[PDB]
Structures are given as structure tokens and as C-alpha cells.
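These notes are about the structure you will find just below.
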Amino acid sequence: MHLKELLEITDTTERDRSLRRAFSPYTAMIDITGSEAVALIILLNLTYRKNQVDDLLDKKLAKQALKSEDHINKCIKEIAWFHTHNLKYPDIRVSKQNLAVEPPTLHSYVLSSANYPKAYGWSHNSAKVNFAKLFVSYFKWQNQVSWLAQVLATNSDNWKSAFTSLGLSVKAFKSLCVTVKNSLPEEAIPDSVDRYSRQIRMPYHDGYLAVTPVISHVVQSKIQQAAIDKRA
RNA sequence: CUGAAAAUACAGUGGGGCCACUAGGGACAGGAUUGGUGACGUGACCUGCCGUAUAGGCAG
């Protein structure tokens, strides 16, 4: 349930495997209300490759990434490509588009993203797939589902200690906080329909409407985590 | 006016060599199947002749 309930394992391989499984979107969200510093170390160590990291609780190469403002810049470049609906599924040829919208109207008889709170996935460019993991990985705060950008947007004072515990400056931290809060995912609707996006004709007021179906990250992530639990 | 239109997976190929299922062996005792029953008559196959002939051939 809690972060350091899984840190009790003396074997680092089993620990890091369980931690990497815990912070992946195909499993349940772990509570980090007690553990904010250690949470930041592992979340910022997830930004590296698997074969580049021996242990996720190594503090120094986390500070190597954090002190390097060519590393965190890439992680805040990847926030603009945070979707509620994946346009690159299953065809990846849908070129440089991002759909971020509120869930639709709730219906009693059908299931959609309206039946869950608004969560975000990422889809831009495979080269930066690790750089998203810092700011898109979902965790449990106090008693509330949250990700790093949303929890650093308003409630920064709770994370000041956790961020300054490594030796980050106040100037850099507050400039990082305002640029992250300014670079939060807006209501992104593409200006043009892509060549590889599937369109259909549905009967509208006195004619037809062009409809592009896009999957929701939330319903997919729920079906994935339901499938790993072997429930259906 | 369909998760919309459109779409050639292909070419080549050595599983081979060797081999002991064996020894032993009681299915056994007893047994009431029994009572009662109409194949035809709405049908064709008849009536005669030849022939020594219930042989064999013939006419309506």
C-alpha cells in the first residue's frame, strides 16, 4: 500500500522490480504521503535507462540528472505531449498531434472515460519515453490520486524539503515550479485531421458529422491492470 | 455512407545409429419363469380340348 512497505526487501533486484512494477500504469497506485524524498529519488532515477541504473535508490546520479538543466528541460518539454486520448493507437503514423479534453457525458448503460477521474498518458517520440516517466507517473498523495506536475503546481511547500534534501537551490526550484505550472497540459485539440486518423459519417441534425474515434488512456490502463490480475 | 478507402509472406532442407519384461498362482457354494390365446370366406387363377399319362401342350 505505502512506498517503503516494498522497500523492506533486502534484495535490491526484487525491490527495484516491485518499485518499477508499482509506478507503472498497469498496476495499483502506492501511497507516498509518508515518503516524499525517497519517492523523488526513484521517480527521477526512473528517467534513466534500465541498463544505465544498477539500483534506483542511488542518490548521486539522481542529483547528476537534477543538477543538469539539459535533463529536466527534456522532462518539461515532454509535459506538452500529455494526452487524455491516444491519437497514435494503433497507427503511429499520426504525426505530431495531442488530444487533451475533459471526460464526456456519463451514460448509465455504456462504459467510457466519464466513469473515472481525468488521468493522463504520454505519446510523442520513443527517444524521450524515459524522460516522461518523471512527470506522468501517477502516485497516491494524502488520500488523493496525483502526479508530480499537479502536486508541484499548487502544493509546493510540502515538496520544498523533499527537493532541497539533495541540495537543489530555492531560486532554481521556484523557477522550475512556475515553468512547470505554466507548462501544465492545456485543452489541446488538433487544428487539422491527420491522413492516418480514421473518420466515419454519423447522422447529425439534418445531415452527417465526421467522427474520429480515439481510445481513452484511463479505460485502457484499467483493462490492462484488470488483465494482469487475471480477472476475466 | 461500416475504427471508413487500398493491400501477393515468401524462396531452400536426410533424425539418425544400438536394445531379452521376467519369474509364481484353485472363482466358489444355492436356485420352479408361470398363467391365457380362432389368419382369413367382397374372392379374379374359370370352363373345356389333345394326349396311354396328376408327363407335356393348347382355345376363349
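A note on labels: chains of the C-alpha cells are A, B, ... as shown, every chain counts residues from 1, and ligands are counted from 1 in their shown order.
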Taking only residues of chain A that have an atom at most 8 Å from an atom of chain B, what is each one's shortest atom pair and its distance in Å to one decimal, using only C-alpha atoms (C1' of nucleotides), in chain and number order, as a Markdown table?
```
| residue | atom | partner | partner_atom | distance |
| --- | --- | --- | --- | --- |
| A:198 | CA | B:3 | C1' | 6.1 |
| A:199 | CA | B:4 | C1' | 6.0 |
| A:200 | CA | B:4 | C1' | 5.4 |
| A:201 | CA | B:1 | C1' | 6.6 |
| A:213 | CA | B:3 | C1' | 6.5 |
```
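Using only C-alpha atoms (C1' of nucleotides), the residues found no farther than 9 Å from residue 215 (chain A), other than those of its own chain fewer than 5 positions away, are residues 84, 85, 86, 87, 89 and 220 of chain A.
Summary of the local environment: counting only C-alpha atoms (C1' of nucleotides), residues at most 12 Å from region 226-232 of chain A, other than itself and those fewer than 2 positions away along its chain, are residues 21, 25, 26, 27, 28, 219, 220, 221, 222, 223 and 224 of chain A.
With distances restricted to only C-alpha atoms, A:38 is the closest residue to residue 162 (chain A) from A:30, A:127, A:38, A:9.
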Taking the DSSP secondary structure from the backbone, can you list the residues of region 59-100 of chain A that are alpha helix (DSSP H), as a PyMOL selection string? chain A and resi 60-67+72-77
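One finds CA of residue 77 (chain A) at 22.7 Å from CA of residue 164 (chain A).
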Pull the strand (DSSP E or B) assignments for region 5-232 of chain A out of DSSP run on the backbone, and list those residues as a PyMOL selection string. chain A and resi 31+82-83+85-86+99+121-122+138-141+144-147+200-204+207-211+215-216
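The space separating CA of residue 19 (chain A) from CA of residue 149 (chain A) comes to 20.3 Å.
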Env of residue 145 (chain A): 10 Å cut, atoms = only C-alpha atoms (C1' of nucleotides), seq-sep filter 4 positions within chain, self excluded. Answer as a VMD selection string. chain A and resid 29 to 31 117 119 138 to 141 151
So that I have them on file, write out the residues from the current selection with N, CA and C atoms, as an mmCIF file, in the first residue's frame.
```cif
data_model
loop_
_atom_site.group_PDB
_atom_site.id
_atom_site.type_symbol
_atom_site.label_atom_id
_atom_site.label_comp_id
_atom_site.auth_asym_id
_atom_site.auth_seq_id
_atom_site.Cartn_x
_atom_site.Cartn_y
_atom_site.Cartn_z
ATOM 1 N N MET A 29 -1.983 2.218 -7.596
ATOM 2 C CA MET A 29 -1.173 3.393 -7.171
ATOM 3 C C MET A 29 -0.790 3.235 -5.694
ATOM 4 N N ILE A 30 0.498 3.407 -5.377
ATOM 5 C CA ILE A 30 1.064 3.277 -3.999
ATOM 6 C C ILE A 30 1.040 4.652 -3.317
ATOM 7 N N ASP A 31 0.942 4.663 -1.982
ATOM 8 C CA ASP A 31 0.804 5.887 -1.146
ATOM 9 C C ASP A 31 2.203 6.402 -0.794
ATOM 10 N N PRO A 117 -12.070 9.447 -12.834
ATOM 11 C CA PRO A 117 -11.408 10.754 -12.814
ATOM 12 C C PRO A 117 -10.374 10.912 -13.943
ATOM 13 N N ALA A 119 -7.263 11.175 -15.804
ATOM 14 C CA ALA A 119 -5.830 10.795 -15.765
ATOM 15 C C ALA A 119 -5.209 10.994 -17.154
ATOM 16 N N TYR A 138 1.837 8.336 -11.999
ATOM 17 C CA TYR A 138 0.757 8.627 -11.016
ATOM 18 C C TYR A 138 1.075 7.943 -9.684
ATOM 19 N N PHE A 139 0.832 8.651 -8.574
ATOM 20 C CA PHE A 139 1.005 8.145 -7.186
ATOM 21 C C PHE A 139 -0.182 8.591 -6.326
ATOM 22 N N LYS A 140 -0.238 8.093 -5.087
ATOM 23 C CA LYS A 140 -1.267 8.457 -4.079
ATOM 24 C C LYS A 140 -0.633 9.406 -3.052
ATOM 25 N N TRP A 141 -1.092 10.665 -3.043
ATOM 26 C CA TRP A 141 -0.785 11.691 -2.007
ATOM 27 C C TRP A 141 -1.855 11.597 -0.909
ATOM 28 N N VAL A 151 0.873 18.100 -8.314
ATOM 29 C CA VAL A 151 1.189 18.245 -6.860
ATOM 30 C C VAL A 151 2.222 19.369 -6.667
#
```
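The shortest atom-to-atom distance to residue 130 (chain A), with only C-alpha atoms taken into account, belongs to A:49 out of A:174, A:93, A:195, A:49.
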Give me the residues near residue 81 (chain A) as JSON, numbers by chain, where near means some atom within 10 Å (using only C-alpha atoms (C1' of nucleotides)) and where sequence neighbours in that chain fewer than 4 positions away do not count. {"A": [76, 77, 96, 97, 98, 99, 100, 120, 121, 122, 123, 124, 125, 132, 185, 188]}
Can you tell me, as a list in words, what residues are no more than 12 Å from residue 48 (chain B) when counting only C-alpha atoms (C1' of nucleotides), ignoring any on the same chain fewer than 4 positions away? residues 58, 59 and 60 of chain B
Could you turn the residues from that selection into a file that holds N, CA and C atoms (P, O5', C5', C4', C3', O3' and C1' of nucleotides), as a PDB file, in the first residue's frame?
```pdb
ATOM      1  P     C B  58     -48.197 -74.312 -76.304  1.00  0.00           P
ATOM      2  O5'   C B  58     -49.527 -74.189 -77.169  1.00  0.00           O
ATOM      3  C5'   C B  58     -50.743 -73.655 -76.628  1.00  0.00           C
ATOM      4  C4'   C B  58     -51.913 -74.427 -77.175  1.00  0.00           C
ATOM      5  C3'   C B  58     -53.238 -73.683 -77.140  1.00  0.00           C
ATOM      6  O3'   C B  58     -53.370 -72.977 -78.370  1.00  0.00           O
ATOM      7  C1'   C B  58     -53.482 -75.845 -76.159  1.00  0.00           C
ATOM      8  P     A B  59     -53.974 -71.496 -78.415  1.00  0.00           P
ATOM      9  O5'   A B  59     -55.498 -71.746 -78.808  1.00  0.00           O
ATOM     10  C5'   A B  59     -56.426 -70.648 -78.947  1.00  0.00           C
ATOM     11  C4'   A B  59     -57.844 -71.133 -78.750  1.00  0.00           C
ATOM     12  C3'   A B  59     -58.750 -70.233 -77.912  1.00  0.00           C
ATOM     13  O3'   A B  59     -59.468 -69.301 -78.712  1.00  0.00           O
ATOM     14  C1'   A B  59     -58.847 -72.453 -77.089  1.00  0.00           C
ATOM     15  P     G B  60     -58.793 -67.932 -79.175  1.00  0.00           P
ATOM     16  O5'   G B  60     -59.941 -66.865 -78.881  1.00  0.00           O
ATOM     17  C5'   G B  60     -60.356 -66.549 -77.535  1.00  0.00           C
ATOM     18  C4'   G B  60     -61.648 -67.255 -77.193  1.00  0.00           C
ATOM     19  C3'   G B  60     -62.601 -66.462 -76.309  1.00  0.00           C
ATOM     20  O3'   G B  60     -63.961 -66.790 -76.580  1.00  0.00           O
ATOM     21  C1'   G B  60     -61.800 -68.335 -75.108  1.00  0.00           C
TER      22        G B  60
END
```
